[PDB]
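Working notes, structure below.
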Amino acid sequence: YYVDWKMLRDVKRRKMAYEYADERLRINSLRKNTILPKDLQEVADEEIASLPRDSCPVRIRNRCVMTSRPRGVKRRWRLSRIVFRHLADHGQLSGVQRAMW
Amino acid sequence: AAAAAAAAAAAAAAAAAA
Amino acid sequence: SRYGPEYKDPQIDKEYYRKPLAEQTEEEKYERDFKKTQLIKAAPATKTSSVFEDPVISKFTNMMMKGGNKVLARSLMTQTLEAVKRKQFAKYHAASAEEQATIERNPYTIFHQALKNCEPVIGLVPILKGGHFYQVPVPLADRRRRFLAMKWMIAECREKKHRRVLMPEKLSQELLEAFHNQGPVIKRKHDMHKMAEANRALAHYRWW
Amino acid sequence: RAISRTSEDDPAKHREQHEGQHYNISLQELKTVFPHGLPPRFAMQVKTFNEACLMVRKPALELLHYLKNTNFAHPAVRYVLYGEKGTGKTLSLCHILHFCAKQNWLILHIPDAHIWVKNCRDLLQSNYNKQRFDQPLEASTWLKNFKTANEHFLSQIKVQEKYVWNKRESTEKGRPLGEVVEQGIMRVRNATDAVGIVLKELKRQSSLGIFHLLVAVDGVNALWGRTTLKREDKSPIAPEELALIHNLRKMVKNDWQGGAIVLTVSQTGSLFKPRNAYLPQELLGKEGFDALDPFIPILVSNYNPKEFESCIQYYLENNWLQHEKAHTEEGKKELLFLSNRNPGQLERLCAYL
Amino acid sequence: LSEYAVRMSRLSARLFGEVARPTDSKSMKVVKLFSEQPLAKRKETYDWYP
Amino acid sequence: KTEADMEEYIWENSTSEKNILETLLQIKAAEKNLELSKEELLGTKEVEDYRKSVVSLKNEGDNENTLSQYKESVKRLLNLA
RNA sequence: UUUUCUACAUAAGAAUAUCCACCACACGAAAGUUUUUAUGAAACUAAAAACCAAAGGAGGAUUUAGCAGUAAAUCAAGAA
Ligand SMILES: Nc1nc2c(ncn2[C@@H]2O[C@H](COP(=O)(O)OP(=O)(O)OP(=O)(O)O)[C@@H](O)[C@H]2O)c(=O)[nH]1
Ligand SMILES: [Mg+2]
Ligand SMILES: [Mg+2]
Ligand SMILES: [Mg+2]
Ligand SMILES: [Mg+2]
Ligand SMILES: [Mg+2]
Ligand SMILES: [Mg+2]
């Protein structure tokens, strides 16, 4: 079990987005190019908008990995701010400490 | 305009580059 | 307060240190100064050993300064002193030997005298009594008075000039007009003095 | 004890051991010799003292001494005054200018070249010159100063050309040049073409012994530099594109005889140059220095001890130092340090003192 | 700018293996796209969750 | 190869070369000397001091001593002492 | 007006709601309209141009902050 249904959704999304990365890239090559004619690019356009909607990366969310919180995340530990503090304050995060200066 | 010929293959085989 | 209360203010005066041997109590005093192993605050960037710097000019400079610009305010002061100077050199050569003996060309003495004339004698403080606020005549400290002078100068020559007109121009004008006591600044001083006579009875409400 | 204004005034006869003394000039002398600009700070100096007094400096002496031995048969010689900001270049150009107005030459003076390259309200288009722009205001002003500059020679010159101002107006050869000058003053529209015409006919008529031409261009770097002014397309224009500059370039080429061109390379008015660059090749660039030919690179430096003490004494004589403690040696040490005995800096420090 | 400079530059690109023929600002993106690891392929992305 | 492409300032085919040859052409036309050659003019020691001074000025850059070299070379060339 | 623009570090040149007969026009456009660009499958999102140039002429009762490298003003970077 992932902690939340939402997290589940996200796992799927990352899987699909991993699978179609090659197709998406190859097509958006054509799409993003001035050199090729527009007639290729409109077909290529429908091509990439044909692809399953959950395969596109912008639909991914970086979520807290233990607690599933959608924001207030620190990218480095993939941790919610709350869970991060909870680990660091027991000193289970090496080299992390309160800051005085 | 000007298209100049650079030989990939010559310098390739010569320098162990192909 | 990055200085502990232990730290004394520095004495920048060169004349004080150069010629010690004629004064007993002061020899004893600065003996006790350094020999006390007394810490000294580092001399500020504004203040110099310069023979040319007038602490009053510097104060005024500061009160003129908006934001962080010393460069700009020191500019405007410099320009104003130069402007008073040249205004009096103009008034000198178009005059006759008598008036050439009379007229003052030192812009510094003009600045000082014009401030001395503009400083108020007496002042007003609001005092609450029986749910009413009466304005009461109050004697003022020296510093308060000098302050009132400088602040009134600057407030007027900021406020009342026409937008085309530059600052050192208007300021040199008002300096010279306050030198001769006819300036609007001086009228303000008098408004205070008259408001202070109108209320003189209320001078009893002051408890200090 | 120091000597200041005690030099007897002879712009030509100035002696090497008279160094650092202030000779005196009249006011009508000031109106006839400098109808064009005199540096604003110094103009303030004059108007304040009622006396125009000028100190003799070593580069001015040197450049006058190269103007004594001038062989007018040889092609025009190019001189260049260079130095740090506020070191007295333009006053050293003025020394020359009035000495050579006293020998009765034709004085052509541009106070700042930069003014033609920057900040122009009206920019007019002219295809007469094959896509060139003109500056009516500037041209007019320069002409109006040039009229008062030299009157005697404006009647004497005979212009040989057929000149067309308008379809309805013209001026044909045999005319005194004054008529051309004032014909360009009156009509502001064509005043620039009038300046250019004045210039090229000056250069043509300079071969004769009737003409001794001193051409003084201050801030010559404004000629080959980069220009701020813009077309309605917002696209910037070359200095070539400017009629006034295009013609004022021809005046420096040394193609002609009887003349001398004394130039000054500037910072204070420049465009796109860094503030710390006083050196000739940096300010002039590749175009400037390459098209400037072999020239004489005269260096202008700060006051030496004697020059300095003389200037201070000159200020004390006018009682322009109003600070009580400025009469001490202390005050002199302080002014020397704070100004680094640089003339412009010293003037600034003594202005508010 | 000269023809010499442009010939030199063309030679530099061809040599070091960067883009030979002149391209738009807009088309260079293509090169970028294959120079990199596409976002959904990075281990920081598909491997994010335990 | 363009001359604006150069890493050095070579005295041959320069602009200063043409300005000097025109200056000396006009100096010879003024002195009423009918002697005219490029070999004669450019072969002199003066134009050689000008080679050295202008190549040291363009390559090395503005300097005190380099402008002293310019001073001397152009002094000699234009006959002023 | 201790301003606005350009050059440029802090000595410059110009502009300056008013000139005058007549427009035109100062400071203020962060807003809108058009066209581009970046990101993205998707532009409604951000950015740059050009046009446009409005209210605002220093603010009633009442109110906030600051004890020194502070207030004030200016510059930069980061997190997502
Ligand atoms: N009496 C006298 N004063 C001089 C002389 N040279 C410089 N000064 C003073 O120093 C100021 C310098 O003026 P400039 O001649 O314009 O100096 P500059 O080298 O042209 O300075 P920039 O234009 O900024 O390059 C003058 O206004 C004078 O007050 C001089 O020869 N005689
Ligand atoms: Mg739950
Ligand atoms: Mg997202
Ligand atoms: Mg100057
Ligand atoms: Mg506007
Ligand atoms: Mg603004
Ligand atoms: Mg797109």
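Taken together, the values in this text are just the output of simple stated rules run on the coordinates, not laboratory data. With ideal geometry, Cβ positions are generated from the backbone for all residues, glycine too; neighbour counts draw on all protein chains shown.
Results, tabulated for the structure shown:
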quantity: At most 12 other Cβ within 10 Å, DSSP loop - trypsin sites (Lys or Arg not before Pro), the range D:144-221; calculated: D:167, D:168, D:173
quantity: Sparsely packed GluC sites (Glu not before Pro) within the range E:1-39, loop by DSSP, other Cβ within 10 Å at most 11; calculated: E:18, E:36
quantity: Unsatisfied cross-links (Cα-Cα over 31 Å) in the set C:129/C:189; C:170/C:194; D:31/D:118; D:173/F:28; D:147/D:253; calculated: D:173/F:28
quantity: Kirkwood Rh, angstrom, chain E [1 / mean 1/r, Cα pairs]; calculated: 13.7 Å
quantity: Inter-chain shielding of C:160-170 (mean C-beta neighbours from other protein chains, 10 Å cut-off); calculated: 0
quantity: Qualifying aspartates and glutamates (Cα of each under 17 Å from Cα of residue F:75; at least 8 residues distant if same chain); calculated: D:62, D:293, F:17, F:22, F:46, F:48, F:49, F:64
quantity: Relative contact order [Cα under 8 Å, 6+ residues apart], chain C, whole percent; calculated: 20 percent
quantity: Qualifying trypsin sites (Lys or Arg not before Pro) for the range C:1-91 [loop in DSSP, other Cβ within 10 Å: at most 10]; calculated: C:2, C:36, C:66
quantity: Tally of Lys pairs whose C-alpha atoms are under 24 Å apart, taken over the range A:1-91, 8 or more apart or cross-chain; calculated: 4
quantity: FRET efficiency for residue F:18 and residue C:101, using Cβ-Cβ distance with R0 set to 41 Å, rounded to 0.05; calculated: 0.05
quantity: Amide H partners (placed H, <5 Å) of residue C:7, local residues excluded; calculated: none
quantity: Hz values of 3J(HN,Hα) by residue in the range A:69-81 - Karplus curve (6.51, -1.76, 1.60), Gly and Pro given as x; calculated: 4, x, 7, x, 9, 9, 3, 5, 9, 6, 10, 4, 4
quantity: Sorted by Cβ density within 10 Å, fewest first, the residues D:22, D:246; calculated: D:246, D:22
quantity: Inter-chain shielding of E:41-48 (mean C-beta neighbours from other protein chains, 10 Å cut-off); calculated: 5
quantity: Residue order, fewest to most surrounding Cβ atoms within 10 angstrom, among C:9, D:218; calculated: C:9, D:218
quantity: Calculated on alpha-carbon atoms, Rg and Dmax of chain C in Å; calculated: 22.1, 64
quantity: Ellipsoid semi-axes in whole angstrom, largest first, where each is sqrt(5λ) of the Cα gyration tensor of the range A:1-91; calculated: 38, 14, 8
quantity: Point-charge dipole on Cβ atoms (K/R +1, D/E -1) for chain C, about Cα centre, debye to 20; calculated: 920 debye
quantity: Relative contact order %, chain D, counting alpha carbon pairs below 8 Å whose residues are six or more apart; calculated: 24 percent
quantity: From phi via Karplus (6.51, -1.76, 1.60), per-residue ³J(HN,Hα) for the range D:128-143 in Hz, x at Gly/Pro; calculated: 4, 9, 6, 6, 10, 9, 10, 10, x, 4, 3, 4, 3, 4, 4, 5
quantity: Relative contact order of chain A, pairs being alpha-carbon contacts under 8 Å that are 6 or more residues apart, as %; calculated: 22 percent
quantity: Whole-Hz ³J(HN,Hα) from phi, Karplus 6.51 cos²θ - 1.76 cosθ + 1.60, for the range A:60-65, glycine and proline x; calculated: 8, 10, 6, 10, 4, 7
quantity: Neighbourhood net charge (11 Å Cβ-Cβ; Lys/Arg +1, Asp/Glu -1) for residue D:132; calculated: -3
quantity: Number of partner chain Cβ atoms within 10 Å, mean per residue of D:282-294; calculated: 4
quantity: Rough spin-label spacing in nm, given labels placed 7 Å along Cα→Cβ, for residue D:43 and residue D:187; calculated: 3.0 nm
quantity: Unsatisfied cross-links (Cα-Cα over 21 Å) in the set C:59/C:87; C:87/C:187; D:230/D:273; D:68/F:71; calculated: C:59/C:87; C:87/C:187
